[PDB]
Amino acid sequence: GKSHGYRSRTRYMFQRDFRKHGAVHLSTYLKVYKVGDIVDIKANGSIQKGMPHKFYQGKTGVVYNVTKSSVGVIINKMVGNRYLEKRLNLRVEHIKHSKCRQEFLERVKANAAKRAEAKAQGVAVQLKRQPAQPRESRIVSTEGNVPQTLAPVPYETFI
Amino acid sequence: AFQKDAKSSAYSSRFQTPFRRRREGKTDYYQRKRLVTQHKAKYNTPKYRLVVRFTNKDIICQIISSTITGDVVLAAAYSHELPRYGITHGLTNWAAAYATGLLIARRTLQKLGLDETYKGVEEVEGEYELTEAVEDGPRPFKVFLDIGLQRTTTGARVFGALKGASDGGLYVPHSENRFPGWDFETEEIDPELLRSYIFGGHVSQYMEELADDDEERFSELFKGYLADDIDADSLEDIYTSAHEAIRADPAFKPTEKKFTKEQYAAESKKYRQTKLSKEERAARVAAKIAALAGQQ
Amino acid sequence: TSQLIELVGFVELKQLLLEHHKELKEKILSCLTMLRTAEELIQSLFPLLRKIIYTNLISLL
Amino acid sequence: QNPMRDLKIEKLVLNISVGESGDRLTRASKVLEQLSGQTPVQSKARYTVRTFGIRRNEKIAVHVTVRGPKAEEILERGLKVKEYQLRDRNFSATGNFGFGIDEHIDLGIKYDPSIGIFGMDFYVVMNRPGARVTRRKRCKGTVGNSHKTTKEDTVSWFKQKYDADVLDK
RNA sequence: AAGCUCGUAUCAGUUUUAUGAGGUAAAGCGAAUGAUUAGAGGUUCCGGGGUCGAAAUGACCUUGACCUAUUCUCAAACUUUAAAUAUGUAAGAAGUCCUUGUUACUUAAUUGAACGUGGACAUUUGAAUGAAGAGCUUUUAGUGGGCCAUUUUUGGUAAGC
RNA sequence: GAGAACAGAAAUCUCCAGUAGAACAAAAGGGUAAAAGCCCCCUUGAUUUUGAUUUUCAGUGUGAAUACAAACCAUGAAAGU
RNA sequence: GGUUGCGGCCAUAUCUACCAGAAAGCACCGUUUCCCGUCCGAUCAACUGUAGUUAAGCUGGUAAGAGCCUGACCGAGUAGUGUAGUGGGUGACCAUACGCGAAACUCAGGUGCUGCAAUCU
């Protein structure tokens, strides 16, 4: 009568993925992730073997192990006020390659040569770059560009 | 053929080419996946592979290190090394690839730390055996290959190139199911017939049916051999003395060279045309609105 | 392969008819009425010489 | 130009349709054998038909492909039968050609009443040197435009050597 | 309401960095659902029923399923899978560079990776830096019957919900 | 689409064009082309012991998936799974 | 400069209709005593380097071609969305001040890039 028993049930989610594509991009099973690579519950489209609530989205724990499945993470369930327990992670279709540990280490770590130059030089170091301070009084010109007075066109009554 | 079908312009949207090495055909991701790329159980490891490409049965051996960015060729063994020694022709057979495998096991070995170690046998009789490496220290070296195509068959100069390298100290866990003289029925090995493809016994065998049977192609086939007086048992002495040239000086001496990349940098643009800028060729641009596409 | 005979049985398909055309004939008329061309079936009885099944099918058609 | 872009025959393929398996087919096969020396190949029905009286996978036809010299003999030999007159169709836009003959006896070959009388067709596919480029395993390519066999080019070839006539418009 | 344990000690209604996750757009019925459409012209011992020959494979109709010859090609909201615009996680004494140890991993090879010690980058020490306190445990009472307006979204066949 | 001896718009054979409406275990939809598939040949790693990780969870029960080392096999010329 | 094997790069390559190719370096064609693989020596495998050949493929050139990509105060300081605010209005809608801000169409330019090894007047 129903659809369970031996091998059935769950008629809500039933396959794959897409996005980039070249397989899953053939470099997942090859390289071994370490401390920093987070396996956010990504690629759940076909990995909903007990799909959680729609509330669990965004939170993250701390990676401690990398293997076949995924890494260990937490999802501070901000339900009502504070955050509940629990850890999560994700299957294998949600395994990613975070670029947050790439671009951030190609701008700050790249300026390591400017740090080792103060004692034998004279202060003025660190990569604490200035955001965007307001410009002061600059010097401009006029010769070479004759000013022109413009005016908005007379918008008449028409369909 | 689009002169009959004539597809639309909206049909070309989901178009996606493969590798450059796919259309032209150079790289495959089903054999290389287990050649260059590997699990991080070994991490950074200079996995040297041997690239072999026999065009017109020409000896070509290349050694390229496994690098994801910037490939560096360690060594290379072509067919322009045997005429340097003394071997004119007869370098397109299995015996030539057998000597090449031994030659590449001495040239690359010279820059591989020491040359005294990793040898084996020098008698050359054709016998399936395992090289005994030095206990505690010098581990048995394993050479990797790199091909792509070429059907899995017996009696291959390409496949038998590892056999010639096996007698050079290079320890590779291979089998004996594909030797020139193997029976498909039982699992017995015949080293007697195997020797025939080493000293060129199969080559002189066909010559026996030319001075009594096939006389029509007698003047055609086997012509370069008569120029070097090769018809009797002199052919056997060629591959025999070929091993002496291997341990001679495997340093690979350059050829004539004569003016490399300097004086020969001006030859192409002397007869052909080039895509010159439109700012200089305004005579051809203004001609389009004349009679070329401006109706007379 | 009467095992897989009953195989296509428990199954087997229109490709199962192909496999069948590649007692015993019990499973025979079984999947017979199963797939149930009918011409194939007359010829079936053909290669043949179950009974109940055939009779019922004929009476119903 | 022309050097090395001659016009060999790639292959001749004789083919016998027989709306059934059994004796009448193994006899068609016997014909193709003794005629080619090669043991011929059987073809199964692709689907079932009924108005043709055949079932999927029935074994319904034999044929055989024949290459070099032996090809030219049987070509000419049956080409005879056709009085050296084909037609302007008969030739494909890709430059191959064929014809049928019934009565496989009209080209050598005795009678034998325990064999019967079968047709005598077979297609002729033409090419030039360097066909291999489109056919080998590695670096598989397609042959250049000004090298492809065509109808014009093959007809003219036929009209020449053989001397035979083309026919129709 | 009643306690214990600490300190450069909990970050943000405004601005930059785009790696995951999803089932609303597209397509198919050629093995899954549905509104898989609408006609004419033949052949009859024996597909199944009458009248007329005592009969013999003597002969002649009507009422239902096919074949040949045409048309449509099946609604977006049945199911599965799959996009653009978008939003968390990433913010260094906890990390990096130069010199140097060990092992049962890797390599022909004290080579790399992982795992230690010491020294320097010392007031621009890893955007800007506002900010009348922080974490943990236990217990009690009330509440499990309200309404309206603005902005956005779905539905919306007068008045109107 | 373009041919032919038996042979009609369908059957057997050959050639050309052609970036996927296909094939790829259930009903279905992207993948991928010297195929991840189909056929032939060659088969028993779809079985056991000892750990750990992902979704749900109280680092659960059950079920399923991914990734090593240590015994025991098969395929292959080599490199592998 | 060119060419071959092995990578990175994924329409800045491939398709239709043409032209060019003195040397070196490929491919096609030829052979069937051995091995592997068929109905067929076409593909694959094996053997050989003496003989038709710039005929095919690749590369290059040609092009108000087609497709795709880059750039511009050209389209367009657009449309949509957010915050604040007692402007008109029954609803469906239409504006001002202070940030950010679409695609397609028009115009112009380019017509693959690069490392190692080997060969070559």
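Following Swiss-Prot, chain B shows residues 2-297, kept in their order.
Header says: electron microscopy, 9.5 Å.
Placed from the backbone N, Cα and C atoms, the Cβ positions cover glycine too.
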Candidate set B:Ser176, B:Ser197, B:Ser269, annotation phosphoserine, source Swiss-Prot, matching residue
B:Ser176
In Swiss-Prot, the entry for phosphoserine among B:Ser235, B:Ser242 points to B:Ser235
From B:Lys58, B:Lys143, B:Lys164, pick the one Swiss-Prot annotates as ubiquitin cross-link?
B:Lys164
Select, from B:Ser66, B:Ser80, B:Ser167, the one residue given the annotation phosphoserine by Swiss-Prot.
B:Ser167
In DSSP terms, helix, strand or coil for B:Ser176 (phosphoserine)?
coil
Across all protein chains in the structure, which of the modified residues B:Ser167, B:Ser176, B:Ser235 has the highest Cβ count within 10 Å?
B:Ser167
DSSP says B:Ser167 (phosphoserine), in three-state terms, is helix
From the Cα of B:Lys164 (ubiquitin cross-link) across to the Cα of B:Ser235 (phosphoserine), what is the distance in angstrom?
24
In Å, rounded, how far does the Cα of B:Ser176 (phosphoserine) sit from the Cα of B:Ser167 (phosphoserine)?
11
Neighbour count, 10 Å Cβ-Cβ cut-off, for B:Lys164 (ubiquitin cross-link): what number do you get?
22
